[PDB]
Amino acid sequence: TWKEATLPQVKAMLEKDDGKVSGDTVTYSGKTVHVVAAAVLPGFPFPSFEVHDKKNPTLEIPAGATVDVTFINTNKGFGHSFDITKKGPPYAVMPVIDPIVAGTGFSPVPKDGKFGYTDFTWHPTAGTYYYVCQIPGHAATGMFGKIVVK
């Protein structure tokens, strides 16, 4: 479900991502990993996803791990989504990415000084997946990243 957090809270959650960055790649390790993504942190290009302070990085996940994903929409005016699919780029204006493997659906826009966020779990099998936002035109212009489970 959808929850709300104040800026100090958002800032504290962003540090909860336990991957290591190398180039434009974030590598996770362990039985349970925590991915913390944000939709357009302030200062970053629009439209885009930020994970561990990097723009649309490629995520490296160990096959068999339990993936705990936390998604925060910090972009004023838009209700970005965070959906995992198997279909890769390029995406159309209205992406055709069914079936979604795991996803959040459209998020609430920031309001009253609070930002919406949600959590979901994922147990993926080895392979290649893509996290994308389904708002028309967004994925088409770069709001997607790659996930490598191996």
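One-based numbering along the sequence shown.
If you average the C-alpha B-factors over 136 to 144 and over 18 to 26, the higher value belongs to 18 to 26. Comparing 106 to 114 with 37 to 45, the stretch with the higher mean C-alpha B-factor in the PDB entry is 106 to 114. Ranked against the other modelled residues of its chain, the C-alpha B-factor of residue 86 as given in the entry falls in the highest third. Per the deposited record, the Cα B-factor of residue 119 falls in the middle third when ranked against the other modelled residues of its chain. The deposited CA B-factor of residue 65 belongs to the highest third of values across its chain. Per-chain ranking of the deposited C-alpha B factor places residue 93 in the highest third.
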